Amino acid sequence: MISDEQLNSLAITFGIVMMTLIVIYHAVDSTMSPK
Amino acid sequence: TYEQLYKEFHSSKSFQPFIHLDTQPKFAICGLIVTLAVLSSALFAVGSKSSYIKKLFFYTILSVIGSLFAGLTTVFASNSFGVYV
Amino acid sequence: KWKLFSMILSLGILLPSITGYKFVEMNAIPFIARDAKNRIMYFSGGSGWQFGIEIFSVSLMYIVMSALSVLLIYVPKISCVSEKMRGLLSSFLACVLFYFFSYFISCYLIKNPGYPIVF
Amino acid sequence: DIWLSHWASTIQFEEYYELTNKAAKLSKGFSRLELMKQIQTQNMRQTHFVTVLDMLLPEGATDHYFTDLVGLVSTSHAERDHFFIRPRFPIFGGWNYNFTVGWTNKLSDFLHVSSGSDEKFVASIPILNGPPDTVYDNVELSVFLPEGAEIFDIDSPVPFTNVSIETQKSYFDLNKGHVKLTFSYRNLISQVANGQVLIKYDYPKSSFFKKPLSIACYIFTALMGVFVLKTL
Amino acid sequence: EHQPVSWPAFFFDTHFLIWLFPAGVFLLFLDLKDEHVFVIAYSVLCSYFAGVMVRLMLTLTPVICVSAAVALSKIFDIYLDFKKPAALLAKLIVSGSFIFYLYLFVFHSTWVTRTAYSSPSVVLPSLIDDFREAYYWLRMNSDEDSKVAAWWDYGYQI
Amino acid sequence: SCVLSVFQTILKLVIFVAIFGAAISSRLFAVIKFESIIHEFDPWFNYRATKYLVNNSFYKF
Ligand SMILES: *[C@@H]1O[C@H](CO)[C@@H](O[C@@H]2O[C@H](CO)[C@@H](O)[C@H](O)[C@H]2NC(C)=O)[C@H](O)[C@H]1NC(C)=O
Ligand SMILES: *[C@@H]1O[C@H](CO)[C@@H](O)[C@H](O)[C@H]1NC(C)=O
Numbered sequence: 001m002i003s004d005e006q007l008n009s010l011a012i013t014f015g016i017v018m019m020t021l022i023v024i025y026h027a028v029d030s031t032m033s034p035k
Numbered sequence: 002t003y004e005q006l007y008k009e010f011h012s013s014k015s016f017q018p019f020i021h022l023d024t025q026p027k028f029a030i031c032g033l034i035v036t037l038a039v040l041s042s043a044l045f046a047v048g049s050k051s052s053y054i055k056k057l058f059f060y061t062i063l064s065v066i067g068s069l070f071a072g073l074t075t076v077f078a079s080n081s082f083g084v085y086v
Numbered sequence: 214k215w216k217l218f219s220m221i222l223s224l225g226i227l228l229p230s231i232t233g234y235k236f237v238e239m240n241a242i243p244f245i246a247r248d249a250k251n252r253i254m255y256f257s258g259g260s261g262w263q264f265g266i267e268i269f270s271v272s273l274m275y276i277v278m279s280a281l282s283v284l285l286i287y288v289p290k291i292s293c294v295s296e297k298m299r300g301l302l303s304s305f306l307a308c309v310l311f312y313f314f315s316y317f318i319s320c321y322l323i324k325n326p327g328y329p330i331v332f
Numbered sequence: 239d240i241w242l243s244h245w246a247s248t249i250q251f252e253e254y255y256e257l258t259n260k261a262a263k264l265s266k267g268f269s270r271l272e273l274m275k276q277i278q279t280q281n282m283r284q285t286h287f288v289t290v291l292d293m294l295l296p297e298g299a300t301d302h303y304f305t306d307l308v309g310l311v312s313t314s315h316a317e318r319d320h321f322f323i324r325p326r327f328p329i330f331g332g333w334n335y336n337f338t339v340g341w342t343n344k345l346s347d348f349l350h351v352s353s354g355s356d357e358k359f360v361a362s363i364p365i366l367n368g369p370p371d372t373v374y375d376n377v378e379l380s381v382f383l384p385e386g387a388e389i390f391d392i393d394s395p396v397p398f399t400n401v402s403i404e405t406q407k408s409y410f411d412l413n414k415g416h417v418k419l420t421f422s423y424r425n426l427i428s429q430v431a432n433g434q435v436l437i438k439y440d441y442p443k444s445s446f447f448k449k450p451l452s453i454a455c456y457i458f459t460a461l462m463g464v465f466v467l468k469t470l
Numbered sequence: 350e351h352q353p354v355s356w357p358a359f360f361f362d363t364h365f366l367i368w369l370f371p372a373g374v375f376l377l378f379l380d381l382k383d384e385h386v387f388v389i390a391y392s393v394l395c396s397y398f399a400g401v402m403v404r405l406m407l408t409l410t411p412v413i414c415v416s417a418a419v420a421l422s423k424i425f426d427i428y429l430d431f432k441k442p443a444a445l446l447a448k449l450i451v452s453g454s455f456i457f458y459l460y461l462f463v464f465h466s467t468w469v470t471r472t473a474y475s476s477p478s479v480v481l482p483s492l493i494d495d496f497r498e499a500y501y502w503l504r505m506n507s508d509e510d511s512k513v514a515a516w517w518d519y520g521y522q523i
Numbered sequence: 006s007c008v009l010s011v012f013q014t015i016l017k018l019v020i021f022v023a024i025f026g027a028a029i030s031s032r033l034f035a036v037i038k039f040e041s042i043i044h045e046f047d048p049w050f051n052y053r054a055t056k057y058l059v060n061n062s063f064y065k066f
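Structure follows, in structure tokens:
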């Protein structure tokens, strides 16, 4: 079974990936969209 | 006859597995990648504006492949997770 | 001169509510507490107590940070100053917000001394 | 239960014991003070209540687990070829304990492909491996052959009371599940009723590869349904 | 759980949305539309009711996010729009601080869940379990139609 | 905008996959360390009524 430290690292990596892709999307939409 | 079945048991060869359980996670991930790298093209095709017959054809032809690949990844992943077959 | 009154009536009940005004109201706590040396203390060790001055300080810091954010939003809508100095002012405001948040966490450490996440 | 599986090439055992102590009941009722004061002295020689059981598993076992009706018991310990089990409470005279214990073994030790053909298999399942000296008042031995197996021969070294063949569905069994073969024995001893049930079946490759296809069918149907639902 | 609560327990389970929350309310007040009135009323009601009673903090958790995102998203647009190094440097300095806050947000909302809330309520980790042992004794060794009398905050487990 | 919509859609699906994985994975901290059980006195009754709904019919429940 997966350990506890491995699960902690997995959760942190999922959160970092999510918070980075969200910012990438927002920074693409702010420029590419007609303002 | 118990004696003859017990005689046939030991004489015969052992069981050689098809794909060893130690290298199944590799195939699991390498099939999970492909089964979504292909099934996105299906949604792009159906979304795209074109002839209905051509859309149907270029949807099913690369949907059957994604079907097979997903139906063969969902066995390797299930074995790798600890719930066999 | 009507939306400003609803704004005041909204924030004046939003800000003291998240700062536990009811907690100091439900349990009578003195606004100012004196130490053994008769020195006014501003924060109480632990997480299950609070002094009436802490409400004011916390709400003031919340106001400062929210106001800095709103000011960051409002900076590009002025033309009395040049573009470059406008960018410089925005950067200065961001830096002030950074250091104020650091100071706020430094103050929160008093209420929870075993907090790993720090600047 | 004994779950055969050719894709993963593992045979996993799961057993559900209902255990009763038959020794003399204790008068004055239980009292933890006396128990915890007598074990601190050297008096745990051959006491008549059960504190630790010693399951004797096959040669190489992995993924041991010991489970109870109300959850997982954490007082278990798996050394080499031995699985020590500590119940929740010591089983005095007249007390019942129902538990479950499971493990996994390599399949290469129990199957053998035949000589004439490469699709006829012979399996030799052990009939009992539990505590050292118990007595079983009912035994229900279930062997779960894979989805498309078909039995040709069944032999047992101890006369059984009842044999039957059914089907039972399990994970990713989308048609007819697994083939369950169940024997019912009545009186068995722990270490002197040592035998091996010999099953002889066949498993053609035309049904070995039907397991991925039976999931591909559902996924393809779901996709062809989403297509119609989105184009209409 | 039927009590009021001090200010630390608001920063505890909302890392930095708690001081973008007034900013979001004010920025909704700036340009009122039909739905902004709903969001503001929801925000003020849940804020007061969570300040009074702590069991109702969960209901306040949605509006802490929705109000904060509106406050934060606007900032990003202004500072993420690229339409001049002297300005790109300011844009980067203003957006990097908030990305850093978002990362501290993740590193906080993972630590809090790991430490506080993920505690089993039937097995004390000091690993002792004397509730399941006695309950299993009652389940195994007592007849099916027997009545057990205990205080009212264990009956469900029994 | 011809190539923009498709990029935004793919990114809006990757982001939601990551969101689901970060919401599901951040809660399994008491299930990895300790066996999957029912915490909190109250949920026990809900569990017993779900067992009674899945063993008997809907009318009996
Ligand atoms: C645990 O195991 C015991 C032992 O078999 C079970 O007790 C039997 O229960 C049935 C129905 O209640 C009775 O008809 C039998 O007479 C009982 N046997 C003995 C030896 O007393 C019990 O049902 C099992 N399960 C639980 C939850 O206790
Ligand atoms: C043997 O098992 C079968 C399968 O359920 C059953 O129908 C039959 O009645 C049993 N016979 C005896 C004597 O137990």
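Chains as they are written, first to last, in the deposited numbering: chain A, 1 to 35; chain B, 2 to 86; chain C, 214 to 332; chain D, 239 to 470; chain E, 350 to 432, 441 to 483, 492 to 523; chain F, 6 to 66. We treat Cβ as the ideally placed atom computed from N, Cα and C, and that holds for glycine.
Could you please give me the residues that DSSP links to D/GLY340 through a beta bridge? D/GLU252, D/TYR303
What does DSSP give as the partner residues of D/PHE382 in its beta bridges? D/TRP241, D/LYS418
Closer than 7 Å to a non-hydrogen atom of ligand 2 - does that hold for the CB of D/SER402? yes
Is D/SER243 closer than 8 Å to B/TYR85 when the C-beta atoms are compared? yes
Ligand 1 site residues, beta-carbon cut 7 Å against heavy atoms: D/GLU256, D/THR258, D/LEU307, D/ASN334, D/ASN336, E/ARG504, E/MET505, E/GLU509
Could you name the residues of the same chain whose beta carbon sits closer than 6 Å to that of D/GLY298, not counting the 5 residues immediately before and after it, in chain order? none
Over what stretch of residues does the beta strand (DSSP E) that includes E/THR472 continue unbroken? No beta strand (DSSP E) holds E/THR472; DSSP gives it neither H nor E.
Heavy atom of ligand 4 less than 7 Å from the Cβ of C/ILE231, yes or no? In the structure shown, ligand 4 is absent; the only ligands present are ligand 1 and ligand 2.
Would you call E/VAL480 buried or exposed, if buried means 16 or more other Cβ atoms sit within 10 Å of its Cβ? buried
Give me the DSSP bridge partner(s) of D/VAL377. D/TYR423
Own chain partners of E/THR467 with C-beta closer than 6 Å, once the 5 adjacent residues on each side are dropped: none
On the three-state DSSP scale, how would you describe C/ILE330? coil
Thinking just about the alpha-carbon of each residue, which of D/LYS443, D/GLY340, D/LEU383 is nearest to the one in D/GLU404? D/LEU383
DSSP-derived helix/strand/coil call for C/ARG247: strand
For the beta strand (DSSP E) that D/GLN406 lies in, which residues bound it at each end? 400–406
Taking beta-carbon pairs under 9 Å, can you tell me which members of the stretch 315–345 of chain D lie near chain E? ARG326, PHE327, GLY332, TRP333, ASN334, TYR335, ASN336
Bounding residues of the beta strand (DSSP E) (the contiguous stretch that carries D/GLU317): 314–317
DSSP-derived helix/strand/coil call for F/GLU45: coil
Is it buried or exposed for D/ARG326, if we count other Cβ within 10 angstroms and need 16 for buried? buried
CA-to-CA distance, D/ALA246 to B/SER81, given in whole angstroms: 9 Å
Name, going along the chain, the residues of the stretch 292–305 of chain D whose beta-carbon falls closer than 9 Å to a beta-carbon of chain F. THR305
Output yes if chain F places a C-beta closer than 8 Å to the C-beta of A/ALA11; else output no. yes
Which two residues bound the contiguous alpha helix (DSSP H) that contains E/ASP383? 383–401
Compare the C-alpha of D/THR459 against each of B/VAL65, B/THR74, B/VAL76 and name the closest. B/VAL65
Check each residue of the stretch 361–383 of chain E: if its Cβ is closer than 8 Å to any Cβ of chain A, include it; give the result in chain order. none
Less than 8 Å between CB atoms is the rule here; does D/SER265 satisfy it with respect to chain E? no
Give the residues of chain E in contact with A/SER30, contact being defined as C-beta atoms less than 7 Å apart. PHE425, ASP426, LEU429, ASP430
Could you pull the DSSP bridge partners for D/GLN434 from this structure? D/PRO364
Chain A contacts from the stretch 403–417 of chain E (Cβ-Cβ distance under 7 Å): none
Beta-carbon separation of B/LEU63 and B/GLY32 under 8 Å? no
Buried or exposed: which applies to C/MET298, given that a residue is buried once 16 or more other Cβ atoms fall within 10 Å of its Cβ? exposed
Is there contact between the stretch 352–367 of chain D and the stretch 426–439 of chain D, where contact requires at least three CB pairs shorter than 8 Å? yes
Closest to C/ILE323 by CA distance: which of C/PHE218, C/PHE244, C/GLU267 is it? C/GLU267
Any residues in the stretch 31–57 of chain F with a beta carbon nearer than 7 Å to a beta carbon of chain D? Which ones, in chain order? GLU40, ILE42
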